[PDB]
Each structure stands twice: as structure tokens, then as C-alpha cells.
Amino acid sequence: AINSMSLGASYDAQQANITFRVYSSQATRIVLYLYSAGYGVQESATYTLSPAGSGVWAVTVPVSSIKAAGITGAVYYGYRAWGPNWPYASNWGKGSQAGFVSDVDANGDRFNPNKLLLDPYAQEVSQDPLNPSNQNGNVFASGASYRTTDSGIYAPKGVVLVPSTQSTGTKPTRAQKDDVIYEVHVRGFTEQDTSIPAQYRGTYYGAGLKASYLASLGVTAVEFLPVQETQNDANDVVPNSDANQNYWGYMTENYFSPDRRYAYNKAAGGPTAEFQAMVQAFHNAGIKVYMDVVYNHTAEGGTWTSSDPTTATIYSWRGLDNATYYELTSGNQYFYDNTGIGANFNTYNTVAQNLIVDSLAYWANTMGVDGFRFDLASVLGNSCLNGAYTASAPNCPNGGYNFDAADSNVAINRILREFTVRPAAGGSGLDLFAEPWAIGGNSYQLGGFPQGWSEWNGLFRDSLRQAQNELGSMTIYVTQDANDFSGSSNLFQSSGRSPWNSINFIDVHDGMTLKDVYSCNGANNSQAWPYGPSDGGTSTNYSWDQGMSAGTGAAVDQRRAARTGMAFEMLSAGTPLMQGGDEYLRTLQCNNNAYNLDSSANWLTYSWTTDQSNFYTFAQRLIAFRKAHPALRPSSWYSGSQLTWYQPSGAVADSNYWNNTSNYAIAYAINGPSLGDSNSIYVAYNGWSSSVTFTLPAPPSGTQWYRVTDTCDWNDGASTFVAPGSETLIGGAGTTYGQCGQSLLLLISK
């Protein structure tokens, strides 16, 4: 169930009382601290909580008592907990060591009463651990040097919210197969956009104002990088330096709270009502709002070092019940990790898992979000509970990490039974997307997720980048191109899934932008502000500048390649995903891991050159085309009568062709009418470095072929992709077409 324990802080109907409920299976004592401000002040009152059974502790406070304590505005709160490793000593006082036994005990408890704790169910956070007033993270650490430090006035406080009456509009019921996703950072979306009033730039409010921009481009779903509270308030303390910045936000501090830094209205309840108003603006434009969520690790991380089990950050989950929330190593002194951040969130533990479900429900229901893309999703399929084996995790015999999509108790299956996934034909429900990998063990699971889950297709990205940029360096399989274009049945069909479950993309936030994969011979992450430096992303970008540096290529060529890559994702069966900015050839000058760049090089710009504006026209018409032709969006795997593979000779691609590893050109035709389309279409990819002549087959429907686009250099301009009705008559069966090397041809029959 959802909200099985009714955790959190909430007012009763008449706002006469607030009830605080919090879980801890090991705590010995839990005490509520109330503050009038989130930072810099001591508490106005404290209330000892009482065991309400099943590990939940509760207390109900009358509002009059709160006002009597001096708190007449918003109620900021936190907890102080005691446990086996640090029991309550009657002489303990803030900043005292009284009662201390150990920083961590044999069972993994890490209680420290000197650390004020943020409720995991807080719906809003006052400020991040590091902010403009304090950038010393040591006040939150355990260990001999810092355990007695009282973090009270520096620690983040939760805000008790009065239910918002803000509408989130009506949720689109469009089938996922008909969507075109646009990934963008909520702050970089409008931060330097002069078409938005300055005060709204880089905020939720500002993003809502760009709904029309997205509608003209033609995308149907915006996917935001993490919006749940992340460490970002100290980003601008030191100017012209990415040193202490966290831009992307893959360090969640709280799972129910919209990040305050991204809101225009920063008052208590402001980020919340503003995020709701923002999705209303999108929902009004008929656009879905997806959220990138990260439940594989927490911002608290693990131990500071792998040799000292005593020092770790404590401000939320860890202080309340470390053994419940994190996956500990055998012996419980350290953390088990498959994320590389320091510690796995214990996704297999019921209470930890309930938090994932409960926060997802909050965002989907109260916040109006239409779907979620799960970062390092394989950690949510872990059937282990600890570094060592435990009978409670029967399916994880070796302990540690073990992905098991058949275990009904892993987080990815729990989600499926608590929520309704949108049907293939549309209707209400959620759209769930997984990045099917993590770090180590059997975590790489592309094609391993259950029905109900779509996945980020890394093989689509890589194989096509290779086909365009690695000719001669590595083997390119013409059969893989085919798989890519047809919805990767090789990955999705055996599980009973469909082509639209393949999220096809050439580029995402991780790695290079579209322009960059065709303009960079490698990553360049060591530039100075505002382009770097950034500590390395992948070593395998499969990028190439099209001969630019060698003198065998030029700018048109990089644009020809970018046109070809975008066409691959927009023409292929599956659900296309483009990175915001790719519509104007956004570049990061080859930085392929810009996660710490909260700068102008990273935000989007809307002042474009002719060549950039020309690309936007290409992108806009290509997205419009996909949306106008159902034959490109099959709900099920193309049947044999619906799609025919052709060799350049106009002859059907046979086994001799498929098994010949020196064949780089491929073409196909789809029977438009059989898929409910008005035209049949023919796509040709010349993966060869030189000109290839394609002999057109007989149109499945209609009598003649008309050219829609040719990505080749000669066709570079404002009209490389024609407007509907201006297709150039090429010819019928037998007509030939000379296709330049490394490019794509699009044709419709009439």
C-alpha cells in the first residue's frame, strides 16, 4: 500500500494541531525541535515523541502551544534521536558527548543526538546543508573530531505545509508511443533567456512560461533533471568557479521536496505551489512532465573514507535508522555500493521501499507529474539486504548485489503493483523509464526489466554513433542498424514488450550534446570557467569531428552528421528522446561530464546563428513529420508485410547481405496504410564514406516517391527538410538516387 504508516508532519482539518510521525526501529528516544527560522536560530520548543507501534513514533502538538512558544509564522522542525550506540544520558545537552558508546555499533546504528535530523517525509526544506551562510560540512559529521558538534542552527529544517489548493491541470492520456521527449535542466532552461522577465529566469515559474516554446518545437513531454531537493544553495558563493558546484542534482537530500533554489517564490509553501502551477502550464499545453528521480543513493553518501568506519555525514536518514535506509557491508560497519557515490539506498528493505513508493505517489498525485525516469535503475532491482547473506533476502545467496526482476519484492516490482502504468493505447497511468544499469555485479540490465518498464537504449546510442564516426576503426554491423531502426526487438521482444519501450537517443546529459558527438574527437573536460573543469565522464564517446581537424571535413559536414543522427532517433520505431538545446546545436565545447557547471556555458541560450536557426527548422519539421506519420510509431513490432529491408540495388536485403560485414548501406520501406498512415515511406542510410546509388523499389502505396529530406551537404540550408506538400518528385520503381556518403534520405509515396 501507499502511505501505510501515515508518516510526516501535518495539520488537522481546522489547523488546531499538527501531528508528527516518524519511523525508527532502533531509536531509544526521539525528540521534536521546533524553530521559527530554518537557519541560525535555536529551537523555540521541544517535545518528546512516543512509540506508536511498528517503529513509528508520534506526538501531536496544538498550534496554540507553538504560537505560545513564539512561532507564529511557518513551522520549521527537526528531530534528535538516541539509540544503542549513543543512549540517552540525563546529563546530555546540545553539543555534549554524554551517553556516547560508539559512532557505529555492531548492528549498524549511527545515532548522534547532537545532529539535528531532517524528516524524510518533510514536504519542503528550508535550506541545504551548505549555503551562503555556512559552507563547512564538518558540523554534520560523526567521528572523533566532529561528533559533539551540534548542527542544530546549521542543519536543514523541514517546513510543515498547509495543503495547497493549486491545480496541476489535466493529465494528458496520450500513448507513450506518440511522445517525443525533451530532457532539460529546469534552471538552465530559462536562466539566461531574455524573453522571460528577469525575476522568473531559471525557475519553475519561468519554465512554465516556455510551454509555448516546446509546443512550437513540437515535443510532447519535458523531462527534468532532478527537482527533488539537491545540494545547490552554495553554488554561487565563490564566483567564476565550478569548484563547489552541483548543477545536475543527482544528490537528493529529501524525496518529497521541490528544490527551493529553482523556485521564484522561496517562501514556505512557495516551491510547492509554484511547481504545481508549472505543471498546470505544461498540462495546459498538452505536454507531459516527467521527473528524473534518484532512489539508488542519497546525498548523505557513505563513510568519508573506506578505511575509517566512524566518519560519515548525518542530517536525515542516517541519524534516524541507518540500518533500515542504507545497505551495509557484512559486519555493518561500512556501506555496500553499486552507485559509486558511497552507499546504496536499501531498496529491498520494506520501510525504505515504502518511502520510494510514498514519495512517487506524492509527486504523481499531488504534484501532477506524468512519469518518472529512474537513475541507475538496476539498484531498484537488488534482492539483497546486506553485504552478507540473510534468509530475509532468500534470492540473494551471495549477499551484496544481485539484480532479480523475478523477485516480486524488489523495488521495481513493488512500483508496478502500487501504480497503474499507462496502457499501450493510452489512457491514464504513469510512464516509467529505467536507465537499466548501475555499477558492478550483474547490474548491467539492458533488456532485463519487467513488462511495464521502458528503458534507455544505450545500444541504440552507441551502435549508431559507431556507424557514423567509427567507419574503418571498428566493425559496424548493418544488422544492428536495422535493429536500431525497427525498435530493437533484440532487446525488447522476448520479455513481451514493444518497440516503444525502447527509449532511443543519440545523446543525453551524460556525455556530449548532439553537435558535440560530431564535432569532438574526444572529451575536453579540463577547460577553465565557464566550460570546466569537470572530472571525467565516459571514455567511450564514439565521437568524431568529421575530418574538421584533418582538413578532410568542414562545418557543413558536422551539420550533415548531426542531421543524420537526429533523423535516426526521430524516424526509428521506439520513443525518441532529445536533449534540450540539440534543436540549435548546443555545444559544451566537448565537455562530456558537465555535472558541476552552473554557468552560462551550461544554460540554454536563445540567440542563434543562421546555421543554428536552420537546424531548428530541420528539427521542427522532422518532429512534425514523425507526429504526422503513424507508420513510424508502431504499437507493436513491424510485421513482415509492413516493413521490407532493401539493399541499395533495390533488391530485398537477404542473408548474404545481412552477414556481409562490409555492407554499410541499408534502406527500408514501410507500408503506410497498414499502420494507418497516409503515405508509405522509404528511408535510406548510406553508412559508407562515399556516394552510393540507391535504386528505388515499388512504393507499397501510391505510385511515386517524393523526397522529404536529404541530409547531405549540398542540401544544407533553411529548407533541407521540406514543408509538407513541397516534397520533390523523385520517381517510381526503378528510379535511382545518388546518396552522398554518411547521410540519410527520407521519401514518402503519393
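Residue numbers run from 1 along the displayed sequence.
When the two stretches 646-654 and 207-215 are set side by side, the higher mean Cα temperature factor goes to 646-654. The stretch 540-548 shows the higher mean C-alpha B-factor when 540-548 is compared against 251-259 in the entry. For the set 100, 335, 603, 374, the PDB entry puts the maximum C-alpha B factor at 100.
Highest C-alpha temperature factor among 705, 33, 685, 721, as the PDB entry reports it: 705. In the deposited entry, the Cα temperature factor of residue 266 places it in the middle third of its chain's modelled residues. When all modelled residues of the chain are sorted by CA temperature factor, residue 404 is found within the middle third. Among the modelled residues of the chain, residue 26 sits in the middle third by CA temperature factor in this PDB entry. Compared with the other modelled residues of the chain, the Cα B-factor recorded for residue 242 ranks in the highest third. Among the modelled residues of its chain, residue 273 has a C-alpha B-factor that falls in the middle third, as given in the PDB entry.
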